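Single chain ahead, written as structure tokens, the form deposited in one PDB entry.
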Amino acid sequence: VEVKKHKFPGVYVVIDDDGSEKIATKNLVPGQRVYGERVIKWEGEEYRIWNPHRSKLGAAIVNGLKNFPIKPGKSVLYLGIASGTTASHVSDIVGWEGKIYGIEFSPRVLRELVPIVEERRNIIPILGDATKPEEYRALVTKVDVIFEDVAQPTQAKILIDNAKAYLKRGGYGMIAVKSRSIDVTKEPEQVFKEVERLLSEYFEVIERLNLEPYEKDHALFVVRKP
């Protein structure tokens, strides 16, 4: 097994004995395996395999995502942090000089998460309603990136409203859109066209990529705040 650097900083390529390729991040918390994930020991460091079946962002990267604004030392406002393994990998990537404000609506989801992210002290889990971003104003600063995974009909407006409140000028947004969570009747491609239009009222839309076959009728959008 070999580990080399991916094009994106803080992301790694693992090449298995048979020459097949996987993506990975460097474990922020050596010794830890909270998802019972596959960890590769290499030159004295640990690398956590980033499974595209457990992480929509992992899927996007495997699928050839070109713009990835999450990088070491960045601050991230993360809407929907409890879903999948993504927060763990984002935490590895941003490292100890970066920061992640994790917003969850449910007190149950938050209580279940804290054990899992306890050691990742660059994650600050916050109870909040992402539709009303001003309610967590006292707990969140201006950020470099918003990452959003919120399966709600107004998820584009959620992104704009949080960006108005917290995103630095020049900063980026990333949003994993489940087509059916906005509109079960419309074709996925039509839903995505509508999301792209709504986002474009506020953002420059930089990229959009489908997540098949890891997800069905999901697209991830990268946007930039003017």
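Counting begins at 1, following the sequence as shown.
Once the C-alpha B-factors are averaged per stretch, 91-99 and 111-119 rank with 111-119 first. For the pair 38-46 and 166-174, the mean Cα B-factor is higher in 38-46. Among all modelled residues in this chain, the alpha-carbon of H53 has a temperature factor (C-alpha) in the middle third. For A24, the recorded CA temperature factor ranks within the lowest third of the chain's modelled residues.
Annotation for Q152: C-alpha temperature factor in the middle third relative to the rest of the modelled chain, per the entry. Ranked against the other modelled residues of its chain, the C-alpha B-factor of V191 as given in the entry falls in the middle third. Looking at the C-alpha B-factors along this chain, the one for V143 belongs to the middle third.
Unshown form solved in complex with a partner chain; subsequent notes refer to it.
Although the partner is absent from the chain shown here, none of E2, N63 and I70 has a heavy atom within 4.5 Å of the partner chain in the deposited complex. The partner chain in the deposited complex comes within 4.5 Å of no heavy atom belonging to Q190. The partner chain is not drawn, but in the deposited complex it has a heavy atom within 4.5 Å of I123. Taking the partner from elsewhere, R38 is found to have every heavy atom lying beyond 4.5 Å of the partner chain in the deposited complex. Interface membership of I160, defined by any non-hydrogen atom within 4.5 Å of the partner chain in the deposited complex, is ruled out. The partner is absent here, but in the deposited complex a heavy atom of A165, alone among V195, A165, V29, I49, sits within 4.5 Å of the partner chain.
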